[PDB]
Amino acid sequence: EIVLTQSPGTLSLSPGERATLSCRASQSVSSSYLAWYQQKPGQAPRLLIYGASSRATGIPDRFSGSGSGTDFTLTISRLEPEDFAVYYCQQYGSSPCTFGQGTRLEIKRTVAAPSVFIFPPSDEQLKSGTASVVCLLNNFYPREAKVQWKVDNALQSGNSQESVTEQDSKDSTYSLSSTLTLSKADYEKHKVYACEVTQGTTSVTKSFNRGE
């Protein structure tokens, strides 16, 4: 079964630039039967390149295909906003057909610090025996950032989960929800809840006292 490995896992570039996408096959792909697909969050894939180098019907000139045997390249010469999506390669030379694991093309821009907000749990949830502290990191760049909950100064681990939005259509930033999750009995024994965000050197810390 041919195993397609794509490089990089994720590619941060700015519109106007040239994107160079790699698909490495575990075995020689017969008669260069390799296709490339584009996939925007929430939508379904779209065929771009076939037979390693041929552009599909409608696909603009800026999309280019190269490769033979085991190494295959997809190139987008002068990047436009609508080109920032996930990219899969697929082979149709060996049975069964296999796909690459994907490479997302992200819109690289100026660093931005999030606007950190900390929301305490509601007295509605408190009567249900569970405490949920959410921290929001509003509009920031790049995706990487480190949130670390602190309860009565003690650092938390194993009791949090987070989620990140897709890249903003207009400002190209990222937002991040983080949820600490404790028992009502736990929360009711501590006064300080702090959400700590770290981007590079800086370490912003939004907080609250239980009785406030």
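For every residue, the number given is its place in the sequence shown, counted from 1.
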Notebook entry, point to check: Would 55-63 or 156-164 have the larger average of its C-alpha temperature factors, as given in the entry?
Noted result: 55-63
Next item on the list: Return whichever of 173-181 and 24-32 has the greater mean Cα B factor according to the PDB record.
Entry: 24-32
Next item on the list: Using the B-factor values recorded in the entry, state whether the Cα atom of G129 falls in the lowest, middle or highest third among the modelled residues of its chain.
Entry: highest
Check: Of the three thirds of its chain by CA temperature factor, lowest, middle or highest, which one includes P121?
Finding: lowest
Checklist line | Chain thirds of CA B-factor: placement of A19 | finding: highest
Margin query: Taking only the Cα B-factors deposited for this chain, tell me whether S94 sits in the lowest, middle or highest third.
Written below: middle
Notebook entry, point to check: Comparing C135 with the other modelled residues of its chain, is its CA B-factor in the lowest, middle or highest third?
Noted result: lowest
